[PDB]
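Structure assessment
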Amino acid sequence: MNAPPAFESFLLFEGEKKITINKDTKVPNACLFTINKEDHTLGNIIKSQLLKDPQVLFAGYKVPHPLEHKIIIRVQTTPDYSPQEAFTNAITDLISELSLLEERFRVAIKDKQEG
Amino acid sequence: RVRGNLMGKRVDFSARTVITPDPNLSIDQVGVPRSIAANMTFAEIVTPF
Amino acid sequence: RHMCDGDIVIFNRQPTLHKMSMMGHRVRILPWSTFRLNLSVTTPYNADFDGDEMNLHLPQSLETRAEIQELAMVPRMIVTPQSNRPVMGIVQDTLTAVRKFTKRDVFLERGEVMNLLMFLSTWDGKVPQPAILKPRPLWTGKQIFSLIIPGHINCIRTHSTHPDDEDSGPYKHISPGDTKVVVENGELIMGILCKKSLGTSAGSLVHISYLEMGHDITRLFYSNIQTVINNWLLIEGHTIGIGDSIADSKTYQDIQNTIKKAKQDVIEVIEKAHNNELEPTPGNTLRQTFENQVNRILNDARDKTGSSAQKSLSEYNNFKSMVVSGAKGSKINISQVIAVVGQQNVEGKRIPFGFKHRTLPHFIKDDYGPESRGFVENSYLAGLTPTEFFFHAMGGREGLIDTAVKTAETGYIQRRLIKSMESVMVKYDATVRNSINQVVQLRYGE
Amino acid sequence: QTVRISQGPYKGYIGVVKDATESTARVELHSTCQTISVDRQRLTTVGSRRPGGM
Amino acid sequence: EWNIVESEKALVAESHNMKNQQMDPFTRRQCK
Amino acid sequence: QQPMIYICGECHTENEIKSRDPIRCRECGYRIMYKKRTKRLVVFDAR
Amino acid sequence: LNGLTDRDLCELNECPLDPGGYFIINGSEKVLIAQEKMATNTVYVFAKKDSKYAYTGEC
Amino acid sequence: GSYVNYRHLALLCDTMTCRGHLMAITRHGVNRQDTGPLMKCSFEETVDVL
Amino acid sequence: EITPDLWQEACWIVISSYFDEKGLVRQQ
Amino acid sequence: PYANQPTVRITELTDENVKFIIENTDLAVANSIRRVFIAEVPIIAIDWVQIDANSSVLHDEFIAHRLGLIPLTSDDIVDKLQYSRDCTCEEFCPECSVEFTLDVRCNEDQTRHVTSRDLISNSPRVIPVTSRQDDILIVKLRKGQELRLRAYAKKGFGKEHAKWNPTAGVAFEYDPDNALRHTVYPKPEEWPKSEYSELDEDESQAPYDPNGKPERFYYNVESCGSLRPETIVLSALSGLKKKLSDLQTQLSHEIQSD
Amino acid sequence: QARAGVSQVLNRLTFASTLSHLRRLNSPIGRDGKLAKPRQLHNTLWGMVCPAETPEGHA
Amino acid sequence: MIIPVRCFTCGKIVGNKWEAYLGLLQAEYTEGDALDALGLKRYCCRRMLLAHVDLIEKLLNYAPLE
Amino acid sequence: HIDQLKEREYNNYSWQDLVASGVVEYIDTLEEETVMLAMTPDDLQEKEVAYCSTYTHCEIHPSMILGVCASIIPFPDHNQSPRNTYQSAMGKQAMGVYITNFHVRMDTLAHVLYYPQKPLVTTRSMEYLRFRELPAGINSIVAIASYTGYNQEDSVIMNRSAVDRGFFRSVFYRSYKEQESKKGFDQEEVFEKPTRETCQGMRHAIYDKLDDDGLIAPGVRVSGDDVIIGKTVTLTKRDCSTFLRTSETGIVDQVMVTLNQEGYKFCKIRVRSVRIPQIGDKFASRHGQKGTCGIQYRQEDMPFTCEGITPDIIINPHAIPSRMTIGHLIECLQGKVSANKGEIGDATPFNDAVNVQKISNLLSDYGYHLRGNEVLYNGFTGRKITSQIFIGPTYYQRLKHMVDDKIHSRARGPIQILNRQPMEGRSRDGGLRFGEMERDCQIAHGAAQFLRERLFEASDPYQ
Ligand SMILES: [Mg+2]
Ligand SMILES: [Zn+2]
Ligand SMILES: [Zn+2]
Ligand SMILES: [Zn+2]
């Protein structure tokens, strides 16, 4: 009777932000990115891509509660490299890699058919 | 009377539902549903604050 | 207003045996319709998450809400006065997971460490120095678990598989088996964590944490322990199956030899009793001493088989891991599953002769042999004979009846005990009296 | 009366208005066993008549 | 019918392959 | 002008039963009869 | 439905799989539980101790 | 193998040996004490004590 | 002729015949 | 401090499943791509059934349940239609949905087998898997019964419901030889060799490799019949790219607003 | 003054339940007795009464 | 009661194979051979043709009219 | 005799022939004490140590001792007796097709399951119990492990995608009975829509939902506290009609109208309800492993084997050693073997030819570990799990103990008439009882204010 619907896992509600930045106070150059209506799909790749960057001292996400659709990503870089630009670069290069992978897969498929 | 309605009575604002594990909640928390929460009420005094 | 997040309630289970059965909880609404609570708080309530029912009252006055928040609360009710030890302890899969997490042979990479630190509500925000810098930064389970321990705690505990002949000899402060838990400045140094250090026992790590640090500190400690160990269990993983119940094909030979030896011994005892050689043991008649000797022989055989089975297991076995962790099981369970079940006693004796001088129609009259009186020679893995199956059913029925009568008698006993000391209290004159102001003790507990 | 949600996440469901107000109105969903509180403007009357009667 | 014939052929095959039966997980009582 | 049509028990033949009338079929004569499906917008979600 | 083929049973809104043997009172399936008691016309010699008799030949 | 704090045992022993005689915890030992009619009916023997 | 060994299959034919001739609730 | 250059190689291309290999990529990307293959894949399916007369023996909702699981081919229609939630009209418009109809009534003496073939769609290309092998049996009708209804199809993804799950079962596997020791076999000799194992039959598992990253992820995407396998992969990649682009846009707006 | 529970409502929740109920017994001994000899599974119940199927409450 | 449309675990369509399975079992083929002849590799989808009970027939026996 | 019996059905041969021939014999419990019974004919007679060598009879099959609910249990001897008894008691609570002609019956509280599959391993005894024709469960790919933590203290994790595809999705009926009668000379009941004008006593609910005859038509949406029958008794009239119980939210299946023995209009209505399997529903297998679903994950989150096979249920490993239910593991292994082969297996209690080693050897001939363990992957990150999980088919049931039928709340509900205290029972919208033990616990806590509040303020204030 109280089972939630199926659209509340991806669709945003009126007033809820897709992403919110919050600076941490325990250590310098550390912000927690909170994402709404997402799961491990959109956080694990970003975590790994951040791990690739050497200037990122810390990177890792979590799920405050499985039933709640929310994930917090904590990033901490060197003092001469803010975490916002780190997140932006991670997303940009990940998008470029996915586009290149898609192009390679498409050409491989088109060559496989009668070739 | 004594044991039926003086030492053991029936109180309002109660509930009774099955329980399931949930390690993501602290020891002092409790995962109540939405229906029971909306059904019950808490008399709060008004204050300009 | 409706019940909102943050309000104080009183979650309770129907049989309230003792004080640690009605504690306050903070509200947190969730989509689905099922009560939830941390697994650690399951031990006091004695709940089992198998279709149980637990009430939930709600006060209607700031006075009572504050009173419940200050007196009846989970973090405040961690230690009980009945045995001055913690009641909420790790007695689930988290226990076995943490035990395996604190072994000497646990190494984690930067990714895994940084992923686990996210599940820490008291992290200072600084990554600890890895235990192994080169050739690659590798952390250790104990080093990560140290950050979970709050404050500067100091305590010493012993592991379940701690050999007694180790403290006397050398290697006392350096144990080859990674035992002899030693914590200094709230950092795990040696030993493997188990129920002896994390469970509900006097002097446990949680007990020391509560006594030294505040109640909220212990609450955060529990939360961090569970939130880190359960998450790491994903990478580790725990299971159980046939592969964990099979022996090495030589243990079966030893068990069969031991069973045959026991059968020969009991047959010889029966022959001696028949030919009038077994003299009556002091304090008992001939039948009594005969039965006592048979039972002792069977128990010795069962213990030998169980020991042989236990010594033939592998570190990768899951039954042994769960038993040494103490989360759920015991050595006797492994003995019954693999080696041999044992004797199916009823009413503190062997299976009686329901028919005329015999247990069942299959066996012949005057057959006092082991298999003809309840001794189960087979094991749950290799099936059971129908006769021993029936005897085992009889034993289970005995246990069920005992539980039913206990469930009916203990309630009345507790009621009479509570209705005789319901007005006794400690007055402000630092003395224990009753409703009639009659002094019972000049000082509580003398 | 029977209505039909024309906008919002529940677009396409059919239900009967249970409790109506000046702004919102509760409509019980036919398929699912749950009652929601959708805005009145999101509803569209469809009715269920029976022409003929002869 | 096919199950009946399958059972009969399985039984006759089991009777045929009576060379040796050395198995660990099985036992039976032997009184006296 | 709806006379509350019914469906017979075993005959499954339509019958017009009005108020203050016995519950029996137009033929043979039984005592069991069911109703017809409503005319409302029965709409389900294939979920 | 004494020895009636499954055809009629299906036609009579019944199934041949129903075990039967249950009364129908006021449209409710009533079943008689088989009660057990002591066999009659048999001599029993008990040894009740919480009494004045050492043995009792009930019959 | 269980453990119970000695304070509770001592408190029970003193309460059963406070009036000199061994008062029974049953309805025949606690209702004899001069506690009060409203307290005796709670345990047992409601109408009798009233 | 006696049925050595090959008896697991003939053990249940009798049971099938019994349950076919007498039902489960035959006693009532 | 940038991305990598993954490579792709198809080992088997058929009209039911594809077995490709992705090399030089992180495990997280591979697992995410898998979960997108299963969950976030736009596809058309039945989601709104209006039953007018159902005299069958099954429940009224049973018909809708079964109809919801009937796959529909959307090789070139899913990319064109829009989500019904984001539509800017009323009633299921054909521009954002596909109409269906079913009107079967058993008149002859023999029992009918109402299959997916009875679903008469208004659009030509949006039809159940019956083009080119029996049809999905919906229900069985007998002389005297009938089943009249009309339903509409919409675009959705598996995260909402299993009806929008094109992939049957993705066989994701990497590092066939247990070289990275990500799993410890108590008795390696007792386990069989993986299909992609290059190790000979003598050795049980490859030796340990300290400095070794997971690569060569194997895939066996198996299409249910609605969308083609390679089409499923392309749609998943496009959707993941769109999600990343939207996240980047939201992050940029949030940073600019601060 | 007479017995109780002799005729019960047949539980038609599943065929197994119906079969079990139609072939069920009930002893006339008083409910929740202090004794424990009649409840225990006796050796003579071999092939006559199922040694496993039985309630787990007071009965 | 009726053959499902898709396998609960995997998801492959199995509804359109019950009739083919019965036909193959009737002609000469056995179960262990028919299952892989239809195209069922994974063991999770093989229960749908082995565990499924066909109770719709008994339901159809209670024809409403005629 | 065996040959003449195997050709039964066709000609006319039955059990009476065996009884008359002098091969079988009925021995009662009183005579069984004076006969040398034997278990098996071959094993216990060949030639060995002289035990008795005077057997008079021989049992048919040892497993025949089991009853009805115990017979369906596969490998009962491989489990401890209490768990066998728990399964035997829980079997009667399993849902499913309880009778083929369920659509004709109008019983109260009837449950039916959509897709009641058959156990992959069937004992030779259930062939006559008729279980295979009317099963009460579905074979699920169960993986015994602790994936997340929501399945630790006797709980499971079901697959959301599986439930979406119709995994253990059952239905819930609820029939009603109500008829008119001549109460008195002036009092009289009659079916009629209680309008807003003539009827004085009336409820604050919707009435135009039903037709003019006063009976709600089939296939109409209803919810809690909704009128189902248009009964009105003349005193002008009083709405003496019943309403759907709170928290039911169903749909009307069919409406039946007839005459009772007295001759008055008698009608029955049943309301169905598609109960989607949600967390809190009680499940159980055939070995006593009860539990309630804690959380449900989608397919993308659940683990998976080397191929696309995600577990459907995940029980706690810790429930095995304490309870000693090796029979469950044997059942899972044999089910995996059967699924790989493609035919139902045998789980007879006593067979002398079904051990673990032979089954394991068979399973090793299909590319799977002889012990049934397999390598999974973390559904979140995609990393292999260190411990080889044990996954395989297993037959599970579903009990009727739904969470929606047990959930209850209260906020100053109706009060009794004798003692002005809340009602009792979920149906009557009553409050829970604050037992004396709760009072003693509160006294122990010393919270006198909370105790007095619960006993006076929210129980029965009065001056
Ligand atoms: Mg329990
Ligand atoms: Zn008529
Ligand atoms: Zn549109
Ligand atoms: Zn499958």
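Data block above holds the structure.
**Brief notes about the overall build of chain B**
- Each helix and strand counted, chain B has two helices and four strands in total.
- When its helices and strands are written in sequence order, chain B yields α-β-β-β-β-α.
- Each principal axis of the C-alpha atoms in chain B carries an extent, and together these give about 45 × 40 × 20 Å.
- A burial count over chain B gives 63% of its 49 residues as buried.

**A look at the coordination of the zinc ion (ligand 2)**
- The coordination sphere of the zinc ion (ligand 2) contains the protein donors F:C25 (N) and F:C25 (O), at a distance range of 2.2 to 2.6 Å.
- Position of F:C25 among the secondary structure elements: in the loop between β2 (14-16) and β3 (33-34).

**Some points on helix α9 (residues 251-274) of chain C**
All names here are of chain C.
- Relative to the 34 Å expected for 24 residues at 1.5 Å per residue, α9 spans 34 Å between its end C-alpha atoms, a close match to the ideal helical length.
- Contact partners of the buried residues in α9: α10 (286-311) and α12 (331-339).
- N276 lies just past α9 and shows a positive phi near 65°.

**A few points about the packing of helix α2 (residues 83-112) of chain A against helix α3 (residues 229-257) of chain J**
- Relative orientation of the contacting elements α2(A) and α3(J) amounts to 160°, with a least axis distance of 10 Å. Relative to α3(J), the element α2(A) is oriented roughly antiparallel. In this structure, α2(A) crosses over α3(J), and the sense of that crossing is left-handed.
- A class-by-class count of the residues in the contact of α2(A) with α3(J) yields 16 nonpolar, six polar and four charged.

**Points about the interface of chain A and chain M**
- On the chain M side, the residues contacting the eleven residues of chain A number ten residues.
- Counting each side, the surface lost to burial between chain A and chain M is near 850 Å², with a carbon and sulfur contribution of 53%.
- For the pair chain A and chain M, the number of links is one salt bridge.
- Residues A:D39 and M:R298 are paired through a salt bridge, measuring 3.5 Å at the closest nitrogen-oxygen approach.
- Here chain A and chain M share two residue pairs in polar contact between them.
- Of the residues assigned to the side of chain A that touches chain M, the class counts are five nonpolar, five polar and one charged.

**Brief notes about the sheet that holds strand β1 (residues 111-113) of chain M**
Residue and element names in this part refer to chain M.
- Spatially, β1-β5-β12 is the arrangement adopted by the three strands of the open sheet, whose pairing is antiparallel. Two strands close off the open sheet at either side, each with one partner strand: β1 and β12 (274-275).
- Where strand β5 (residues 170-172) lies against β12, two bridges are found, and the strand directions are antiparallel. By the bridge assignment, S170 is partnered in β12 with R275.

**Points about the interface of chain M and chain C**
- Tallying the contact residues gives 84 residues for chain M and 85 residues for chain C.
- Note on chain M versus chain C: buried area summed over both sides is about 7300 Å², and carbon and sulfur give 60% of it.
- Area buried by chain M at its contact with chain C is led by M:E153, M:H318 and M:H445, which between them contribute 10% of it.
- At the boundary of chain M with chain C, the tally comes to two salt bridges.
- One can count 30 residue pairs in polar contact joining chain M with chain C.
- Listing elements by their share of the side of chain M that touches chain C, those giving two or more residues are α3 (81-91), β14 (290-297), α6 (319-323), α7 (326-341), β17 (389-398), α9 (436-445) and α10 (448-457) of chain M.

**Quick look at a negative patch on the surface**
- On the surface, E:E14, I:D5, M:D43, M:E46 and M:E48 cluster together into a patch of negative charge.
- Checked against the element boundaries, M:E48 lands in the loop between α2 (15-21) and α3.

**Here we look at the coordination of the zinc ion (ligand 4)**
All names here are of chain L.
- Only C7 (SG), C44 (SG), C45 (N) and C45 (SG) from the protein reach the zinc ion (ligand 4) as donors, at distances of 2.1 to 2.3 Å.
- All donors of the zinc ion (ligand 4) belong to a single chain; written as a sequence motif, their spacing is C-x36-C-C. With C7 in the segment before α1 (18-27) and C44 in the loop between α2 (31-38) and α3 (47-50), this residue pair connects regions lying 37 residues apart in the sequence. Across the pair, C44 and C7 agree in class, each one buried.

**What to know about the sheet that holds β3(F)**
- The strand order across the open sheet formed by six strands is β2(F)-β1(F)-β3(F)-β10(M)-β11(M)-β6(M), and the pairing between neighbours is antiparallel. In the strand order of this sheet, the two ends are held by β2 of chain F together with β6 (175-179) of chain M, each with one partner.
- Relative to β3(F), strand β1 (residues 5-8) of chain F runs antiparallel, the two sharing two bridges. In the strand pairing of β3(F), F:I7 is matched with F:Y34.

**So, the pairing of strand β2 (residues 28-32) of chain G**
- The side-chain alternation of β2(G) yields one buried face, formed by G:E29 and G:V31, and one unburied face, formed by G:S28, G:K30 and G:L32.
- With three bridges joining them, strand β1 (residues 23-25) of chain G and β2(G) adopt antiparallel strand pairing. Bridged to G:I25 within β2(G) is G:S28.
- Taking the residues between adjacent antiparallel strands as the criterion, β1(G) and β2(G) are bridged by two residues, where G:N26 takes a positive phi near 55°.
- Summarising the sheet, β2(G) and strand β1 (residues 7-9) of chain K pair through three bridges and their orientation is antiparallel. Directly across from G:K30, in β1(K), lies its bridge partner K:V9.

**Quick look at a nonpolar patch on the surface**
- A cluster of nonpolar side chains, namely G:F23, G:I25, G:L32 and K:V6, defines an oily patch on the protein surface of about 360 Å² accessible area.
- For G:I25, the location among the structural elements is in strand β1.

**Comments concerning the packing of aromatic side chains**
- For the structure on display, the rule yields 45 aromatic pairs over all chains.
- Ring geometry for G:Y44 against G:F46: centres 6.0 Å apart, planes inclined by 70°, an arrangement best described as edge-to-face.
- Note on G:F46: relative accessible area 38%, which makes it partly exposed.
- An aromatic cluster of three or more residues is present, and its members are A:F105, J:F20, J:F37, J:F172, J:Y174, J:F217, J:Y219, M:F304 and M:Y377.
- In this arrangement the basic side chain of E:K9 is found over the ring face of E:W2, its NZ or CZ atom lying 5.6 Å from the centre.
- Here the guanidinium or amino end of M:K384 rests over the ring plane of J:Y174, the centre of that ring lying 5.1 Å away.

Rules used throughout
Residues numbered from 1 in each chain as written, not as in the entry; some residues may be left out. Chains lettered and ligands numbered in written order. Part of a larger assembly, values for the part shown. Heavy atoms only, no water. Residues with missing side-chain atoms left out of burial classes, pairs and counts. Helix = DSSP H or I, 4+ residues; strand = E, 2+ residues; numbered from the N terminus. Buried < 20%, exposed > 50% of the residue type's maximum accessible area, 1.4 Å probe, protein only. Donors = N, O, S within 2.8 Å, 3.2 Å for Na, K, Ca; no water. Expected span 1.5 Å × (residues − 1). Contact = heavy atoms within 4.5 Å. Axes fitted to C-alpha atoms, helices over the stretch in contact; angles between N-to-C directions. Parallel < 35°, antiparallel > 145°, perpendicular 65-115°, else oblique. Left-handed = near helix turned anticlockwise from the far one by under 90°. Nonpolar A, V, L, I, M, F, W, Y, C, P; charged D, E, K, R; others polar. Buried area = accessible area lost by both parts, 1.4 Å probe. Salt bridge = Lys/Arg side-chain N within 4 Å of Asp/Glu carboxyl O. Polar contact = N/O pair within 3.5 Å; in protein donor to acceptor, adjacent residues only side chain to side chain. Pairing = 2+ DSSP bridges. Patch = residues over 30% accessible without salt bridge, like charges linked within 9 Å, V, L, I, M, F, W, Y side chains within 5 Å. Areas by Shrake-Rupley, 256 points an atom, 1.4 Å probe, with all protein chains shown as cover. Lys, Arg positive; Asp, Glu negative; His and termini not counted. Charge placed at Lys NZ, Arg CZ, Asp CG, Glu CD. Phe/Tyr/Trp six-rings, centres within 6.5 Å; stacked < 30°, edge-to-face > 60°. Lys NZ or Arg CZ within 6 Å of the ring centre and 35° of its normal.

Just geometry here; none of it tells us what the structure is for.
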